[PDB]
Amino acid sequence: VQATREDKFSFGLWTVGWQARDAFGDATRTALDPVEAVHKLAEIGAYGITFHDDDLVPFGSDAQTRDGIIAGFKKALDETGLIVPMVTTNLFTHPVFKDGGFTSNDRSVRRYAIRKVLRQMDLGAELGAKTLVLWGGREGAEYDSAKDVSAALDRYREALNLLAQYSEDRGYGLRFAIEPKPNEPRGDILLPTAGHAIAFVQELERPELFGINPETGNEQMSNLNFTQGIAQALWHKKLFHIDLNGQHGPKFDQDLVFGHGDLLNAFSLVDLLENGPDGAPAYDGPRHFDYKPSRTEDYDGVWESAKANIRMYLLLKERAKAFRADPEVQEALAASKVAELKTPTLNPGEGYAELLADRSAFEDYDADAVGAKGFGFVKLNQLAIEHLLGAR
């Protein structure tokens, strides 16, 4: 299986370009040139590329310099036919951001954080980006008495309301996707799970403009079911973007290739996104890989790992489709009553008065008998895994 532009695989400049300088060691790879990255990604089948401001234009470049880089970049885009679906802002590397960007205790950093983002918004607008991803990696704390959470939420809100105002006035048409993470680099980060981020967004001035950008690994760092949180995000209609990668439970952020961590959950996730409502996908945005080529790899390893991401997705897609088309699976789904959940509990026009009048829903209900029948969930699970292993 080969990738098509229709597959919408995108990669951040910072994924393949990660020099593998970790918390305990020096970089093992030299810098990757952006024009080069565009060319290489175009070649493996990516339809788009994304970047933080500081990944493209080095922090503090004079305008001449900055202007020069963008022009080169745009040309590479042009030539390869690659788009920029999303852009983001680095509000975490520079020391000024050590206590946060939008929620730093220091009022002056907060002000600067907003200016840095407005600037990136203009560039995204210029390149045709549709989504602004906001990853508040430095928002949070190491000690509970150091951060007033309430005030922090007020200030996070204050900042986002302004960005939407500006986008709307200017006619940029951007959608804003908040990216949740429980920890790292901060002991605890504000808006730690998909849920916390969706609940927060519901409180902004133009909520219709806000959604989330959940990352496989970030939910798994708390041992949460990623597929299940994406299902809820889809239910709320707030899945604006997705970051795919791999992780092995709660430990530092690994950023493995998609599917290299929890494989079973990678399978159920592809099934969810692709075997949507009609026959059609339940999700129509970019399939963005936010991973890191392992520190043990050279540039051959980097390109191999980029390809591996696409390969894992396409292989899982193929088995998800086969799973749903199998008659034996249909039968197992029927025995487990999966579809019965979609039928309303109440009959049309039934309220509490009618339910209370139904002796069979309670007074004459044989709970003991119903409780003895099996759901056949193990058998259904076993057919799924056999599809995954190509055993059927």
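Throughout, we count residues from 1 along the sequence that is shown.
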- Message: Can you tell me whether 310 to 318 has a higher mean C-alpha B factor than 273 to 281 in this record, or the other way round?
- Response: 273 to 281
- Message: When the Cα temperature factors in the entry are averaged, is it 143 to 151 or 296 to 304 that ends up higher?
- Response: 296 to 304
- Would you mind finding, among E184, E179, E205, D290, the residue with the largest C-alpha temperature factor in the entry? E205
- Whose C-alpha has the highest temperature factor in the PDB entry: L356, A31, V338, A332? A31
- What third of the chain, by the recorded C-alpha B-factor, contains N347? lowest
- Query: Which third of the chain does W235 land in by C-alpha B-factor: lowest, middle or highest?
  - Reply: lowest
- What third of its chain, lowest, middle or highest, does the C-alpha temperature factor of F323 fall into? middle
- Here the Cα B-factor of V87, set against its chain, lands in the third termed middle
- Among the modelled residues of its chain, does the C-alpha B-factor of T80 lie in the lowest, middle or highest third? highest
